[PDB]
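Residue-level structural notes
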Amino acid sequence: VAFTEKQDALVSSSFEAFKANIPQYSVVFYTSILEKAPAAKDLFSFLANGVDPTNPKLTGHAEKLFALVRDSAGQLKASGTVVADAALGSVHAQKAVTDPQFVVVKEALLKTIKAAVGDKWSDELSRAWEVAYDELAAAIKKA
Ligand code: HEM
Ligand SMILES: O=C(O)c1cccnc1
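Sequence-order numbering is used: residues on each chain count from 1 as written, possibly diverging from the entry numbering, and only residues with coordinates are shown. Lettering of chains starts at A and numbering of ligands starts at 1, both following the order in which they are written. Working from all heavy atoms in the structure, the side-chain values ignore hydrogens and water.

Per the PDB record, the structure was determined using X-ray crystallography to 2.3 Å resolution.

Below, the structure written as structure tokens:
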């Protein structure tokens, strides 16, 4: 896979934007997932009763999902490939994890980065994350 230095530089800087206010931006992330995938609270316990900003898991889970996706960009840049941990592959083997759902999560994350970067947003930025995620998602899908 073709992932450039500049693409990584973008992924990194937008991620730091995220990390500036994870509390704020994680709300966006889950609000989005539930609007598009309402079954998603049967799966995610901490979302059982809607988006609970008091639940500490909400920001833990989000920081960890965003970071992994960054890691990927970093990997594509380093190795031209992405590798997924065994455990991450094992939990996503459940039937709730469908192609249609990969989209939802994806659109939710780009939606969250946007709000995080503001006017610094562009197709270019959207594309590097896009790659980062899609390359990881496949790395999960069978690994
Ligand atoms: C590239 C896309 C994805 C990434 C990076 C990702 C990342 C993660 C991470 C980091 C965890 C573990 C969190 C923890 O407990 O600390 C996890 C678990 C999980 N993921 Fe994702 N995931 C992705 C796609 C999906 C999709 C499309 C679905 C379908 C709804 C999904 C459903 C789940 C479920 C049900 C769990 C287990 C819940 C639990 O923690 O008990 N994931 N995933
Ligand atoms: O909260 C999580 O752990 C989560 C949310 C979406 C996709 N994968 C994992």
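From this point, things continue past the structure.
1. Some details on the overall build of the protein
Helix numbering and strand numbering both begin at the N terminus, where a helix is a DSSP run of H or I of at least 4 residues and a strand a DSSP run of E of at least 2. Helices and strands together make up the secondary structure of the protein, namely seven helices and zero strands. Each helix and strand of the protein, placed in order from N terminus to C terminus, yields the pattern α-α-α-α-α-α-α. Computed over its C-alpha atoms, the radius of gyration of the protein comes to 15 Å, within 12% of the 15 Å expected for a compact globule of 143 residues. Three labels apply to residues, based on accessible area from a 1.4 Å probe with only protein chains included: buried if under 20% of the type maximum, exposed if over 50%, partly exposed otherwise in between. Within the span of the protein, comprising 143 residues, buried residues form 38% of the whole. In this setup the radius of gyration rests on C-alpha atoms only. A globule is expected at 2.2 Å times the number of residues raised to 0.38.

2. Details of the site of ligand 1
Each residue is tested against the molecule or strand, and it is near if at least one of its non-hydrogen atoms lies within 4 Å. If you check the shell around ligand 1, you find 19 residues, and the closest are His61, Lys64, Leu68, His92 and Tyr133. Two N or O atoms count as a polar contact when they lie within 3.5 Å, although within protein this holds only if one can serve as hydrogen donor and the other as acceptor, and sequence-adjacent residues are included solely when both atoms are side-chain atoms. Contact distances for ligand 1 include 2.6 Å between a nitrogen atom and a side-chain N or O atom of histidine 92. The set of elements that each furnish at least two residues to the shell around ligand 1 consists of α4 (57-79), α5 (86-91), α6 (99-117) and α7 (123-141). Looking at the shell around ligand 1 residue by residue, the class counts come to 14 nonpolar, four polar and one charged. The residue classification treats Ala, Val, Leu, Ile, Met, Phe, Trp, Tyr, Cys and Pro as nonpolar and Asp, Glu, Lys and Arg as charged. All others, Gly included, are polar.

3. Observations regarding the site of ligand 2
All residues adjacent to ligand 2 are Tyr30, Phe44, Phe46, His61, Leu65 and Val105. At 3.2 Å, a side-chain N or O of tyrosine 30 approaches an oxygen atom of ligand 2. The accessible surface values rely on the Shrake-Rupley method and a 1.4 Å probe; as for residues, cover is taken only from the protein chains in view. Bound to the protein, ligand 2 loses 81% of the 260 Å² it would expose on its own. A class-by-class count of the residues in the shell around ligand 2 yields five nonpolar, one polar and no charged.

4. Some remarks on the nonpolar core
One finds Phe29, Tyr30 and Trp129 to be the most contacted residues of the largest nonpolar core, which totals 41 residues. Going through the elements one at a time, α1 (5-20), α2 (22-36), α4, α6 and α7 are the ones with two or more residues in this core. A total of ten residues in this core trace back to one element, the largest contributor, which is α7. Excluding anything up to four places from it in sequence, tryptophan 129 contacts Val11, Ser14, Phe15, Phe66, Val69, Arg70, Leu109, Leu110 and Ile113. Nine residue types can take part in a nonpolar core, namely buried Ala, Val, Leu, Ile, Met, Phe, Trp, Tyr and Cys, and a core is a set of them joined through side-chain atoms within 4.5 Å. Contacts were defined at the residue level, with two residues in contact if any of their heavy atoms lie within 4.5 Å.

5. Considering the coordination of the iron atom of ligand 1
Counting protein donors around the iron atom of ligand 1 gives one, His92 (NE2), at 2.3 Å. The coordination sphere of the iron atom of ligand 1 comprises six donor atoms, whose angles at the metal cover 71 to 166 degrees; the geometry is octahedral. With respect to the secondary-structure elements, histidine 92 resides in the loop between α5 and α6. Each metal site is built from N, O and S donor atoms within 2.8 Å (3.2 Å for Na, K and Ca), and since water is not included, such sites may look incomplete. Tetrahedral means four donors with every angle between 85 and 135 degrees, whereas square planar (four donors) and octahedral (six donors) require angles over 155 degrees between opposite donors and between 65 and 115 for all others; sites fitting neither are termed irregular.

6. Section: the side chain of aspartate 8
Along the polypeptide, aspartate 8 turns up in helix α1. The residues contacting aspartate 8, other than those within four sequence positions of it, are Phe3, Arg70, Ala73, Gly74 and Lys77.

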